[PDB]
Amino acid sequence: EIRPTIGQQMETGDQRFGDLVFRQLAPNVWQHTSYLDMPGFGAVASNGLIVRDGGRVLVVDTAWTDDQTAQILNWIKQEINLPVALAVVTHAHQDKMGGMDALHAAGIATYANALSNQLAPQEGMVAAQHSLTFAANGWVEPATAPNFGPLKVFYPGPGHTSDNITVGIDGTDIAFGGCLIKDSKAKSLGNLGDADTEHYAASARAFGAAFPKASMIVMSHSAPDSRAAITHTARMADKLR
């Protein structure tokens, strides 16, 4: 078993595949988990989503590396047996965008907040091929997100980073908060180095308000949690201002 220093542990039903772990969250939704070995600290898990929509698949976030991301695509091709229509990445850091080149090499169209694409090169990340823009209330502008099917993209405001976005899965009770949301029992908000400490709490609550019925909250570095992940995250953030 892989036992990360940060991240959920193996559970019955989890599928180990090379260095990756996949957990089915719904008939048409899987969490992909990849691991970064921090010397002297141990492994750090990062979680993203794989969504089946009819005859195709949609991906949220890359793995930490290109190699790991290639393995995710292999898994999709081999266990799900459907083509990836597109990927959305939720901000310009390694755990969410470190595997962009593997997507592009595989000929997959990629999308990110325009601001994520603007920051990407400053973060040593490859930008997505397309830019998402957002309305004043945070919802993605449809014209910039063609054929996203059930991926419902929402920009909650600056929080973990200025550019972080979130994704609800339509036709399910799942919403993905990426690195913005921490688990309901977290003692910290993780890396606040690029954080907007003034607006974090409002952006966390905005996410909750955007996906009001979502009962299963998926996040980057813990196992799927209740809505208490959103409200605890917001409480922790309240103590920043």
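Just count from 1 along the sequence shown to find any residue number. Think of the rigid core as the biggest set of C-alphas that the two forms share within 1.5 Å after superposition.
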* **Core-fitted comparison in 6 other deposited structures of this protein, 185-193 vs 171-179, farther C-alphas** => 185-193
* Of 32-40 and 201-209, which departs more from this form in 6 other deposited structures of this protein by CA RMS after core fitting -> 32-40
* To do: Would you determine, from the values in the PDB entry, which of 22-30 and 192-200 has the greater average C-alpha temperature factor?
  => 192-200
* **Which of 158-166 and 72-80 has higher mean CA B factor, as the PDB entry lists it** => 72-80
* Structure fact -> One of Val140, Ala105, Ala114, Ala120 has the largest Cα B-factor in the entry, namely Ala105
* Which one of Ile181, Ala175, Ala186, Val59 shows the biggest C-alpha B-factor in the PDB entry? -> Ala186
* Asked: Among the modelled residues of its chain, does the C-alpha B-factor of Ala229 lie in the lowest, middle or highest third?
  -> lowest
* Asked: Looking at the C-alpha B-factor of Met219, is it in the lowest, middle or highest third of its chain?
  -> lowest
* Ranked C-alpha temperature factor of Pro150 among modelled chain residues, by third -> highest
* Structure fact -> On the chain's distribution of Cα B-factors, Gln94 falls within the third called lowest
* To do: Divide the modelled residues of the chain into thirds by Cα B-factor and specify which third, lowest, middle or highest, holds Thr144.
  => highest
